[PDB]
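Report on the following structure.
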Amino acid sequence: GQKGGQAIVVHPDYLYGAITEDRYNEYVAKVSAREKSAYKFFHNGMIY
Amino acid sequence: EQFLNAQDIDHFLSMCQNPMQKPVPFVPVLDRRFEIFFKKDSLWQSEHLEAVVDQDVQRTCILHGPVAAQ
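Taken in sequence, the protein lines are chains B and A. The entry's author numbering applies: residue 1647 is where the first sequence begins, and numbers increase by one. The entry's author numbering applies: residue 992 is where the second sequence begins, and numbers increase by one.
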């Protein structure tokens, strides 16, 4: 039906150059915590 | 820096129940077996306070008679 489409995805590390060091460090700590909790949820949900 | 795998939580709690071993000196979980975890092996700590959390008698259980205590 003449449905052409294009998307461009850029590496995520180009985002962080637009923020300050303190914001980056706060984000990195928040994401580490969220990953540890997501790992716990994933494995519990998988086995049960 | 990685939390325990659910399978390893189950393994830890299962080996906390090994009959051929001295009961663990802690409560690992709150569940239906909480009374057993709380009360089992409660009399030896009074003669072995070096193995109590703070060498504190007030944590322990001592058997004594109300009238003979006089």
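Every residue, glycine too, gets a C-beta built ideally from N, C-alpha and C.
To the nearest angstrom, how far is the alpha carbon of residue i from that of residue j?
{"i": "residue 1024(A)", "j": "residue 1043(A)", "result": "22 Å"}
{"i": "residue 1666(B)", "j": "residue 1653(B)", "result": "28 Å"}
{"i": "residue 1036(A)", "j": "residue 999(A)", "result": "29 Å"}
{"i": "residue 1663(B)", "j": "residue 1006(A)", "result": "49 Å"}
{"i": "residue 1685(B)", "j": "residue 993(A)", "result": "8 Å"}
{"i": "residue 1687(B)", "j": "residue 1681(B)", "result": "10 Å"}
Between residue i and the rest of its own chain, which residues show a CB-CB distance below 8 Å, the 5 nearest in sequence each way excluded?
{"i": "residue 1040(A)", "result": "1046, 1047, 1048, 1051"}
{"i": "residue 1019(A)", "result": "1003, 1004, 1007, 1028"}
Taking DSSP as the reference, what is the three-state secondary structure of residue i?
{"i": "residue 1053(A)", "result": "coil"}
{"i": "residue 1656(B)", "result": "coil"}
{"i": "residue 1005(A)", "result": "helix"}
{"i": "residue 1017(A)", "result": "coil"}
So, at 7 Å on beta carbons, what are the nonlocal neighbours of residue i in its own chain, with the 5 sequence-adjacent residues on each side left out?
{"i": "residue 1031(A)", "result": "1014"}
So residue i and residue j are supposed to be a Cβ contact under 8 Å. How far apart are they, rounded?
{"i": "residue 1689(B)", "j": "residue 996(A)", "result": "5 Å"}
Members of the segment 995-1019 of chain A near chain B, C-beta cut-off 7 Å:
So the list reads 996, 997, 998, given in the order they occur along the chain.
Using a Cβ cut-off of 7 Å, which residues of the segment 1660-1687 of chain B contact any Cβ in chain A, in chain order?
Listed by position along the chain: 1682, 1685, 1686.
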